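Shown below: entry.txt, with compact mmCIF, C-alpha atoms.
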# COMPACT_ATOMS: atom_id res chain seq x y z
CA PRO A 1 0.00 0.00 0.00
CA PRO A 2 1.16 3.58 -0.68
CA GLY A 3 3.17 5.22 2.06
CA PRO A 4 2.10 8.12 4.18
CA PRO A 5 2.11 11.66 2.92
CA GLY A 6 5.35 13.57 3.30
CA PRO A 7 5.95 16.04 6.07
CA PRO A 8 4.52 19.55 5.77
CA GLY A 9 6.65 22.05 3.87
CA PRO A 10 8.74 24.74 5.49
CA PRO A 11 7.56 28.25 6.26
CA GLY A 12 6.99 30.69 3.45
CA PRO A 13 9.00 33.86 2.91
CA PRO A 14 8.58 36.86 5.23
CA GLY A 15 5.87 39.27 4.16
CA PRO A 16 6.81 42.57 2.52
CA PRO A 17 7.58 45.67 4.50
CA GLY A 18 4.80 47.81 5.91
CA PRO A 19 3.65 51.11 4.40
CA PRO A 20 5.20 54.43 5.34
CA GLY A 21 4.71 55.69 8.87
CA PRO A 22 2.54 58.81 9.40
CA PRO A 23 3.86 62.28 8.63
CA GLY A 24 5.84 63.84 11.42
CA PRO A 25 4.77 66.73 13.62
CA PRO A 26 4.95 70.41 12.66
CA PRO B 1 4.98 3.33 -3.70
CA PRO B 2 5.70 6.60 -1.89
CA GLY B 3 3.02 8.76 -0.40
CA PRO B 4 1.82 11.96 -1.95
CA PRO B 5 3.41 15.31 -1.03
CA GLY B 6 2.89 16.67 2.44
CA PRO B 7 0.67 19.68 3.05
CA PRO B 8 2.13 23.16 2.41
CA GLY B 9 4.04 24.67 5.30
CA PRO B 10 2.85 27.64 7.35
CA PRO B 11 2.94 31.20 6.13
CA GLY B 12 6.18 33.13 6.53
CA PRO B 13 6.76 35.58 9.39
CA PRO B 14 5.40 39.16 9.16
CA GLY B 15 7.47 41.55 7.10
CA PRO B 16 9.66 44.27 8.59
CA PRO B 17 8.52 47.79 9.41
CA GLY B 18 7.85 50.21 6.58
CA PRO B 19 9.98 53.30 5.88
CA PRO B 20 9.63 56.27 8.21
CA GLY B 21 6.89 58.75 7.27
CA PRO B 22 7.59 62.09 5.53
CA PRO B 23 8.48 65.14 7.58
CA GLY B 24 5.71 67.16 9.18
CA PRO B 25 4.52 70.55 7.92
CA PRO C 1 7.92 5.21 2.24
CA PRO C 2 6.71 8.73 3.01
CA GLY C 3 5.98 11.19 0.12
CA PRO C 4 8.18 14.31 -0.36
CA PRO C 5 7.77 17.29 2.00
CA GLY C 6 5.08 19.72 0.86
CA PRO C 7 5.98 23.05 -0.68
CA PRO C 8 6.76 26.17 1.38
CA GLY C 9 3.82 28.16 2.75
CA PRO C 10 2.72 31.52 1.34
CA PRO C 11 4.33 34.84 2.25
CA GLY C 12 3.66 36.17 5.71
CA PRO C 13 1.53 39.27 6.23
CA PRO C 14 2.95 42.75 5.58
CA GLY C 15 4.96 44.30 8.37
CA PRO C 16 3.81 47.21 10.49
CA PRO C 17 4.09 50.81 9.24
CA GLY C 18 7.32 52.63 9.80
CA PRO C 19 7.66 55.16 12.57
CA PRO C 20 6.39 58.70 12.19
CA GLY C 21 8.35 61.13 10.05
CA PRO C 22 10.56 63.83 11.59
CA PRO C 23 9.25 67.30 12.45
CA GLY C 24 8.79 69.68 9.56
Structure translated into structure tokens:
Amino acid sequence: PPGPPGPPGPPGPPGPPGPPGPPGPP
Amino acid sequence: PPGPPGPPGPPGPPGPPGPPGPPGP
Amino acid sequence: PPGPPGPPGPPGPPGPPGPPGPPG
């Protein structure tokens, strides 16, 4: 009979960076 | 015969912080 | 015998925003 499934894969790549922060103060 | 492929792994970590914002008025 | 490992997961979520900008 066919063997078990393989192990799960590794983690994916990091997500992209976040958007710019808010403008600074006056 | 071998088994089928395992399930996909977990998502990657969160990305790094974004660039600083523009200067204020 | 076991199958091959699965593929890598999807990208993680976007990071947080950067810090506020400097004073004007």
*Within 7 Å of (1.5, 30.4, 6.8), in the coordinates the file gives, what residues turn up when you count all atoms listed in the file, written out as a ChimeraX atom specification?*
/A:11-12 /B:9-12 /C:9-12
Which residues, protein or nucleic acid, reach to within 7 Å of (6.7, 72.0, 4.4) in the file's coordinates when using only C-alpha atoms, and can you give that as a short mmCIF file (atom, residue, chain, number, x, y, z; two decimals) with C-alpha atoms, in the coordinates of the input?
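Below you can see result_19.cif, which holds the result:
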data_model
loop_
_atom_site.label_atom_id
_atom_site.label_comp_id
_atom_site.auth_asym_id
_atom_site.auth_seq_id
_atom_site.Cartn_x
_atom_site.Cartn_y
_atom_site.Cartn_z
CA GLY B 24 5.71 67.16 9.18
CA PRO B 25 4.52 70.55 7.92
CA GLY C 24 8.79 69.68 9.56
#
_Could you tell me how far atom CA of residue C:2 sits from atom CA of residue A:9, in Å to one decimal place?_
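So the two atoms, atom CA of residue A:9 and atom CA of residue C:2, lie 13.3 Å apart.
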*Shell around residue C:18 at 7 Å using only C-alpha atoms, local window under 6 positions removed, as a PyMOL selection string*: (chain A and resi 18-21) or (chain B and resi 17-21)
*Which polymer residues have any atom within 9 Å of an atom of residue C:6, counting only C-alpha atoms, with same-chain residues fewer than 3 positions away left out, as an NGL selection string?*
(:A and (5-10)) or (:B and (4-9)) or (:C and (3 or 9))
Output C-alpha atoms for every residue in the selection just made, as a compact mmCIF listing (two decimals), in the coordinates of the input.
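So result37.txt came out as:
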# COMPACT_ATOMS: atom_id res chain seq x y z
CA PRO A 5 2.11 11.66 2.92
CA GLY A 6 5.35 13.57 3.30
CA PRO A 7 5.95 16.04 6.07
CA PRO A 8 4.52 19.55 5.77
CA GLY A 9 6.65 22.05 3.87
CA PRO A 10 8.74 24.74 5.49
CA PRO B 4 1.82 11.96 -1.95
CA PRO B 5 3.41 15.31 -1.03
CA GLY B 6 2.89 16.67 2.44
CA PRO B 7 0.67 19.68 3.05
CA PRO B 8 2.13 23.16 2.41
CA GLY B 9 4.04 24.67 5.30
CA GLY C 3 5.98 11.19 0.12
CA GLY C 9 3.82 28.16 2.75
*asked:* Using Å and a single decimal, report how far atom CA of residue A:13 sits from atom CA of residue C:4.
replied: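 Pair atom CA of residue C:4 / atom CA of residue A:13 returns 19.8 Å.
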*For atom CA of residue C:8 and atom CA of residue B:13, determine how far apart the two atoms are, in Å to one decimal place.*
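Computing it gives 12.4 Å between the two atoms.
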*Leaving out residue A:3 and any residue of its chain fewer than 2 positions from it, which residues lie within 6 Å of it when counting only C-alpha atoms, given as a PyMOL selection string?*
(chain B and resi 2-3) or (chain C and resi 1-2)
How would stretch 2-15 of chain C read, as a short mmCIF file (atom, residue, chain, number, x, y, z; two decimals), keeping the file's coordinate frame, once N, CA, C and O atoms are built in?
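Written output follows (selection.cif):
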data_model
loop_
_atom_site.label_atom_id
_atom_site.label_comp_id
_atom_site.auth_asym_id
_atom_site.auth_seq_id
_atom_site.Cartn_x
_atom_site.Cartn_y
_atom_site.Cartn_z
N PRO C 2 7.45 7.46 3.03
CA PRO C 2 6.71 8.73 3.01
C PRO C 2 6.87 9.49 1.69
O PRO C 2 7.90 9.37 1.01
N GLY C 3 5.90 10.32 1.30
CA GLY C 3 5.98 11.19 0.12
C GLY C 3 7.01 12.29 0.39
O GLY C 3 7.54 12.25 1.51
N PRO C 4 7.26 13.19 -0.56
CA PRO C 4 8.18 14.31 -0.36
C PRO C 4 7.56 15.38 0.55
O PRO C 4 6.32 15.46 0.66
N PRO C 5 8.36 16.18 1.22
CA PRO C 5 7.77 17.29 2.00
C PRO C 5 6.88 18.15 1.12
O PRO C 5 7.08 18.18 -0.11
N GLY C 6 5.90 18.83 1.70
CA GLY C 6 5.08 19.72 0.86
C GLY C 6 5.89 20.97 0.53
O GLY C 6 7.00 21.17 1.00
N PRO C 7 5.30 21.82 -0.28
CA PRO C 7 5.98 23.05 -0.68
C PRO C 7 6.01 24.05 0.47
O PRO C 7 5.31 23.90 1.51
N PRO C 8 6.81 25.11 0.38
CA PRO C 8 6.76 26.17 1.38
C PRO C 8 5.40 26.86 1.45
O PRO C 8 4.63 26.91 0.50
N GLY C 9 5.06 27.42 2.61
CA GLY C 9 3.82 28.16 2.75
C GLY C 9 3.86 29.47 1.96
O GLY C 9 4.87 29.81 1.32
N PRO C 10 2.76 30.20 1.99
CA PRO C 10 2.72 31.52 1.34
C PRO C 10 3.49 32.59 2.09
O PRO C 10 3.88 32.39 3.25
N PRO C 11 3.70 33.76 1.49
CA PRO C 11 4.33 34.84 2.25
C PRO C 11 3.56 35.20 3.52
O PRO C 11 2.34 35.12 3.59
N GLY C 12 4.32 35.64 4.52
CA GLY C 12 3.66 36.17 5.71
C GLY C 12 2.97 37.49 5.41
O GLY C 12 3.09 38.03 4.31
N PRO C 13 2.26 38.02 6.40
CA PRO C 13 1.53 39.27 6.23
C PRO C 13 2.50 40.45 6.14
O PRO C 13 3.65 40.37 6.60
N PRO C 14 2.10 41.57 5.55
CA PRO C 14 2.95 42.75 5.58
C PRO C 14 3.34 43.19 6.99
O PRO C 14 2.65 43.05 8.00
N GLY C 15 4.52 43.79 7.06
CA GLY C 15 4.96 44.30 8.37
C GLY C 15 4.14 45.47 8.83
O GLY C 15 3.25 46.02 8.17
#
